[PDB]
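Notes follow once the structure below has been shown.
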Amino acid sequence: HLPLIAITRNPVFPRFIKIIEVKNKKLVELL
Amino acid sequence: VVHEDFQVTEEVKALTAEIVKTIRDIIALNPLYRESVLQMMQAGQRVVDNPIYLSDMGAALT
Amino acid sequence: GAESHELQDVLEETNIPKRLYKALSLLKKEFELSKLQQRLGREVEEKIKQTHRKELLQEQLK
(Lines give C-alpha, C1' and ligand atoms only; values in the text may rest on other atoms or scores of the structure.)
Protein backbone atom coordinates (compact mmCIF):
# COMPACT_ATOMS: atom_id res chain seq x y z
CA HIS A 1 0.00 0.00 0.00
CA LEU A 2 2.39 2.67 -1.28
CA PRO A 3 2.08 5.31 -4.01
CA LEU A 4 3.37 4.37 -7.43
CA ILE A 5 7.03 5.31 -7.89
CA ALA A 6 7.52 8.03 -10.50
CA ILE A 7 9.67 6.18 -13.03
CA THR A 8 10.42 9.37 -15.00
CA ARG A 9 12.12 7.55 -17.89
CA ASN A 10 14.31 5.34 -15.67
CA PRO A 11 13.81 1.79 -16.97
CA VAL A 12 14.71 -1.07 -14.62
CA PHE A 13 15.59 -4.26 -16.48
CA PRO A 14 15.12 -7.53 -14.57
CA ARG A 15 18.14 -8.48 -12.46
CA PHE A 16 19.87 -5.25 -13.50
CA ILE A 17 21.26 -2.60 -11.16
CA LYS A 18 19.81 0.83 -11.95
CA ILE A 19 19.73 4.27 -10.34
CA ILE A 20 16.57 6.38 -10.02
CA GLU A 21 16.93 10.17 -9.85
CA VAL A 22 13.66 12.15 -9.80
CA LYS A 23 13.78 15.92 -9.35
CA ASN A 24 10.61 15.94 -7.24
CA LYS A 25 11.31 16.10 -3.51
CA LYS A 26 7.96 14.50 -2.61
CA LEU A 27 9.50 11.03 -2.99
CA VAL A 28 12.08 12.04 -0.37
CA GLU A 29 9.35 12.20 2.28
CA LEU A 30 8.18 8.69 1.38
CA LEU A 31 11.75 7.36 1.44
CA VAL B 1 12.38 27.68 -38.64
CA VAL B 2 12.14 24.68 -40.96
CA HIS B 3 12.01 21.43 -38.97
CA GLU B 4 10.71 18.95 -41.54
CA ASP B 5 10.88 15.39 -40.20
CA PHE B 6 9.66 12.02 -41.42
CA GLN B 7 6.53 10.51 -39.90
CA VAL B 8 8.52 7.39 -38.95
CA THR B 9 10.26 8.60 -35.78
CA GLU B 10 11.72 5.16 -35.07
CA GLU B 11 14.98 4.78 -37.02
CA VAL B 12 15.69 8.52 -37.20
CA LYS B 13 16.90 8.49 -33.58
CA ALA B 14 19.53 5.81 -34.30
CA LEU B 15 21.79 8.49 -35.76
CA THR B 16 21.10 10.37 -32.53
CA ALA B 17 22.59 7.40 -30.68
CA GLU B 18 25.64 7.49 -32.95
CA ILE B 19 26.00 11.26 -32.48
CA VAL B 20 25.82 11.04 -28.69
CA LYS B 21 28.34 8.18 -28.72
CA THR B 22 30.71 10.29 -30.83
CA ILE B 23 30.28 13.29 -28.52
CA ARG B 24 30.96 11.11 -25.47
CA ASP B 25 34.09 9.70 -27.10
CA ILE B 26 35.33 13.19 -28.01
CA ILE B 27 34.81 14.54 -24.49
CA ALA B 28 36.42 11.47 -22.91
CA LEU B 29 39.49 11.51 -25.17
CA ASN B 30 39.47 15.32 -25.55
CA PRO B 31 38.00 16.84 -22.37
CA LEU B 32 36.75 20.33 -23.25
CA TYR B 33 33.71 20.96 -21.02
CA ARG B 34 32.35 19.34 -17.88
CA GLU B 35 30.41 16.09 -18.20
CA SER B 36 27.67 17.30 -15.82
CA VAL B 37 25.75 18.75 -18.78
CA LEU B 38 25.72 15.28 -20.35
CA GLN B 39 24.23 13.82 -17.16
CA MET B 40 21.62 16.59 -16.97
CA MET B 41 20.57 16.09 -20.62
CA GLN B 42 20.33 12.37 -21.39
CA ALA B 43 18.70 10.98 -24.52
CA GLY B 44 17.04 8.24 -22.45
CA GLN B 45 15.13 10.73 -20.29
CA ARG B 46 12.89 11.76 -23.24
CA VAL B 47 13.28 15.41 -22.11
CA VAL B 48 14.82 16.35 -25.49
CA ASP B 49 11.71 17.86 -27.03
CA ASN B 50 13.88 19.68 -29.62
CA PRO B 51 16.43 17.19 -31.01
CA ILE B 52 17.63 19.86 -33.44
CA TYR B 53 18.80 21.95 -30.47
CA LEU B 54 20.66 18.94 -29.06
CA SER B 55 22.36 18.36 -32.42
CA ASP B 56 23.28 22.05 -32.63
CA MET B 57 24.84 21.92 -29.16
CA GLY B 58 26.77 18.76 -30.01
CA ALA B 59 28.10 20.36 -33.18
CA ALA B 60 28.93 23.48 -31.16
CA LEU B 61 31.25 21.27 -29.10
CA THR B 62 33.13 20.68 -32.37
CA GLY C 1 18.34 -1.48 -27.12
CA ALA C 2 14.69 -2.38 -27.71
CA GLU C 3 12.12 0.15 -26.54
CA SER C 4 10.22 -0.28 -23.28
CA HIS C 5 7.15 -1.26 -25.32
CA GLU C 6 9.05 -4.24 -26.74
CA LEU C 7 10.13 -5.28 -23.24
CA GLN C 8 6.52 -5.07 -22.03
CA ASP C 9 5.39 -7.15 -25.01
CA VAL C 10 8.01 -9.78 -24.17
CA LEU C 11 6.86 -9.79 -20.54
CA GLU C 12 3.27 -10.30 -21.72
CA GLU C 13 4.10 -13.69 -23.23
CA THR C 14 3.49 -16.51 -20.75
CA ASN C 15 4.86 -19.72 -22.29
CA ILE C 16 8.63 -19.97 -21.91
CA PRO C 17 9.24 -20.96 -25.57
CA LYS C 18 7.01 -18.12 -26.78
CA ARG C 19 8.84 -15.46 -24.76
CA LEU C 20 12.20 -16.95 -25.76
CA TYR C 21 11.25 -16.80 -29.45
CA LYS C 22 10.01 -13.22 -29.06
CA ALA C 23 13.28 -12.24 -27.38
CA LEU C 24 15.25 -13.92 -30.17
CA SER C 25 13.21 -12.04 -32.78
CA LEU C 26 13.81 -8.75 -30.96
CA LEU C 27 17.54 -9.52 -30.82
CA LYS C 28 17.55 -10.27 -34.55
CA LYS C 29 15.70 -7.04 -35.36
CA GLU C 30 18.04 -4.97 -33.18
CA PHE C 31 21.07 -6.65 -34.75
CA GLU C 32 19.73 -5.94 -38.24
CA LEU C 33 19.11 -2.28 -37.39
CA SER C 34 22.58 -1.94 -35.85
CA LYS C 35 24.19 -3.61 -38.88
CA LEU C 36 22.30 -1.31 -41.26
CA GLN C 37 23.38 1.75 -39.28
CA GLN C 38 26.99 0.52 -39.18
CA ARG C 39 27.00 -0.12 -42.94
CA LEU C 40 25.54 3.33 -43.64
CA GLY C 41 28.14 4.93 -41.37
CA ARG C 42 30.92 2.98 -43.06
CA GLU C 43 29.68 4.09 -46.49
CA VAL C 44 29.57 7.72 -45.35
CA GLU C 45 33.05 7.42 -43.83
CA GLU C 46 34.38 5.97 -47.08
CA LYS C 47 32.71 8.77 -49.06
CA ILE C 48 34.49 11.24 -46.79
CA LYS C 49 37.63 9.18 -47.43
CA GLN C 50 36.88 9.65 -51.14
CA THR C 51 38.38 13.07 -50.48
CA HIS C 52 41.96 12.87 -51.71
CA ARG C 53 44.76 12.14 -49.26
CA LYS C 54 46.07 15.53 -50.38
CA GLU C 55 43.62 16.88 -47.79
CA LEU C 56 45.41 14.95 -45.04
CA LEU C 57 48.80 16.04 -46.40
CA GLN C 58 47.69 19.68 -46.35
CA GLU C 59 46.45 19.17 -42.79
CA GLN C 60 49.91 17.87 -41.88
CA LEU C 61 51.53 20.86 -43.60
CA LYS C 62 49.36 23.25 -41.59
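Residues are named by chain letter and number: chains run A, B, ... in the order of the C-alpha coordinates, numbers start at 1 in each chain, and ligands are numbered from 1 in the order shown.
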
Please identify all residues of chain A having at least one atom at most 8 Å from any atom of chain B, considering only C-alpha atoms, and return them as a PDB file with C-alpha atoms, in the first residue's frame.
```
ATOM      1  CA  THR A   8      10.419   9.369 -15.003  1.00  0.00           C
ATOM      2  CA  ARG A   9      12.118   7.549 -17.892  1.00  0.00           C
ATOM      3  CA  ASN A  10      14.306   5.342 -15.670  1.00  0.00           C
TER       4      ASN A  10
END
```

Those of chain B in DSSP helix (DSSP H, G or I), formatted as an MDAnalysis selection string: chainID B and resid 12:29 36:40 43:45 51:60

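Compared by their closest atoms to residue 36 of chain C, and using only C-alpha atoms, the residues B:1, B:59, B:14, B:23 rank with B:14 nearest.
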
Neighbours of chain C in chain B at 10 Å, counting only C-alpha atoms, as an NGL selection string: :B and (10-11 or 14-15 or 18)

Quick check: residues of chain A within 10 Å of chain C, only C-alpha atoms, returned as number ranges by chain. A: 9, 11-13
